[PDB]
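A.B. asks: Sharing a structure below in structure tokens format, with a few things to ask.
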Amino acid sequence: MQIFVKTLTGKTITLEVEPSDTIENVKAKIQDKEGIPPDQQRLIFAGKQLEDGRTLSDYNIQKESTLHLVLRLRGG
Amino acid sequence: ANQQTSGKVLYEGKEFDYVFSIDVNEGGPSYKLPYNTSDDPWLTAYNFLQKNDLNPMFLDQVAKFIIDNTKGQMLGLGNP
Numbered sequence: 491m492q493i494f495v496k497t498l499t500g501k502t503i504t505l506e507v508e509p510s511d512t513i514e515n516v517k518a519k520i521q522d523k524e525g526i527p528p529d530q531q532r533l534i535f536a537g538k539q540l541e542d543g544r545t546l547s548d549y550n551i552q553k554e555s556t557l558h559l560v561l562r563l564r565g566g
Numbered sequence: 294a295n296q297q298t299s300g301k302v303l304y305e306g307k308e309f310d311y312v313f314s315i316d317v318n319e320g321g322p323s324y325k326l327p328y329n330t331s332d333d334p335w336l337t338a339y340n341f342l343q344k345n346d347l348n349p350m351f352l353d354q355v356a357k358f359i360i361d362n363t364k365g366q367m368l369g370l371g372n373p
């Protein structure tokens, strides 16, 4: 399914992935399109950050839901 | 004109300068972070953080936006 990701500035981008796709691959696709590194790229949904070892069905992501795409403060 | 409350953002019955919709959840409490033209990102964010009780992880997310509110990178961008 496709998800609507919202960047810090409010930029809305749609990402096409599979239900059995892990968040890590989703990040990789975003790193392919926009070029945002999967490491600094922080995805928050429902108040919880999306881990790499998680699928779309893991967080029970709603079809075309609002995913928060932000960065990180502490690098180490 | 300082006659009508149009020159202010009335959120949840409270007047403030700027407000940011914290769409951290879908189908629940619509969090709205209030910011004034004389506050510091981390300070205002922290005030709201402990006002409606939010996890410190969201402090960074909200602070980042407030930082550029009066800076000029993606929001009020222009001449460097």
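Those protein sequence lines, which keep their order, are chains U and W.
If you use this note's numbering, the first sequence closes out at 566, no skipped numbers anywhere.
If you use this note's numbering, the second sequence closes out at 373, no skipped numbers anywhere.
Every residue gets a Cβ at the ideal spot worked out from N, C-alpha and C, and that includes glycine.
1) Which residue comes first and which comes last in the beta strand (DSSP E) that contains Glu308 (chain W)?
2) With DSSP as the reference, label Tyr324 (chain W) as helix, strand or coil.
3) Does DSSP put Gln521 (chain U) in a helix, a strand or coil?
4) At a CB-CB cut-off below 8 Å, which residues of chain U make contact with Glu319 (chain W)?
5) Over what stretch of residues does the alpha helix (DSSP H) that includes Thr337 (chain W) continue unbroken?
6) With a threshold of 8 Å on Cβ separation, who are the neighbours of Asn345 (chain W) within its own chain once the five nearest residues in sequence on each side are excluded?
7) Judging by CA-CA distance, which residue of U:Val560, U:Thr502 and U:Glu554 is the nearest neighbour of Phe358 (chain W)?
8) So which residues on chain U does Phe358 (chain W) lean against when the C-beta distance must stay under 7 Å?
9) Rank W:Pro334, W:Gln296 and W:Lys364 by C-alpha distance to the C-alpha of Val312 (chain W) and give the top, closest one.
10) Do you know offhand how far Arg544 (chain U)'s Cα is from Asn372 (chain W)'s?
11) Can you round the beta-carbon distance between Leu540 (chain U) and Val495 (chain U) to whole angstroms, since I take them to be within the 8 Å contact cut?
12) Nearest-angstrom Cα distance between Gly565 (chain U) and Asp529 (chain U)?
13) Within a Cβ cutoff of 7 Å, which residues of the same chain sit near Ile520 (chain U), ignoring the five residues on either side of it in sequence?
C.D. replies: In short:
1) Counted from its first residue, the second sequence places residue 308 (chain W) at position 15. From DSSP, the beta strand (DSSP E) with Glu308 (chain W) extends over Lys307 to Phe309.
2) Along the second sequence, one-based indexing puts residue 324 (chain W) at 31. Looking at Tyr324 (chain W) - three-state DSSP - the assignment turns out to be strand.
3) The residue you call residue 521 (chain U) lines up with position 31 of the first sequence. Helix, per DSSP.
4) Here residue 319 (chain W) corresponds to residue number 26 of the second sequence, with the count starting at 1. Chain U residues near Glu319 (chain W): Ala536, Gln552, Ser555 and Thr556.
5) Here residue 337 (chain W) is taken as the residue at index 44 of the second sequence, counted from 1. It spans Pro334 to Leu342 - the alpha helix (DSSP H) in which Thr337 (chain W) sits, taken as one unbroken run.
6) Within the second sequence, numbered from 1, the residue matching residue 345 (chain W) stands at position 52. Closer than 8 Å at the Cβ level, and outside the excluded window around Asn345 (chain W), lie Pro322 and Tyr324.
7) Taking the second sequence and counting its residues from 1, the one referred to as residue 358 (chain W) is at position 65. Nearest of U:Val560, U:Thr502 and U:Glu554 to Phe358 (chain W), Cα basis: U:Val560.
8) Within the second sequence, numbered from 1, the residue matching residue 358 (chain W) stands at position 65. Result: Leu498.
9) Locating residue 312 (chain W) in the second sequence gives position 19, where the first residue counts as 1. If we check each option's Cα against that of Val312 (chain W), W:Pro334 comes out closest.
10) Numbered from 1 along the first sequence, position 54 holds the residue referred to as residue 544 (chain U). Numbered from 1 along the second sequence, position 79 holds the residue referred to as residue 372 (chain W). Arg544 (chain U) and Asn372 (chain W): Cα-Cα distance of roughly 42 Å.
11) Counting from 1 along the first sequence, the entry for residue 540 (chain U) is found at position 50. Counting from 1 along the first sequence, the entry for residue 495 (chain U) is found at position 5. That pair is no contact at about 11 Å.
12) One-based indexing of the first sequence puts residue 565 (chain U) at position 75. One-based indexing of the first sequence puts residue 529 (chain U) at position 39. Roughly 10 Å between the two C-alpha positions.
13) Counted from its first residue, the first sequence places residue 520 (chain U) at position 30. Cβ-Cβ distances below 7 Å link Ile520 (chain U) to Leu505, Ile526 and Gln531 in the same chain, with the five nearest sequence neighbours on each side left out; the list follows chain order.
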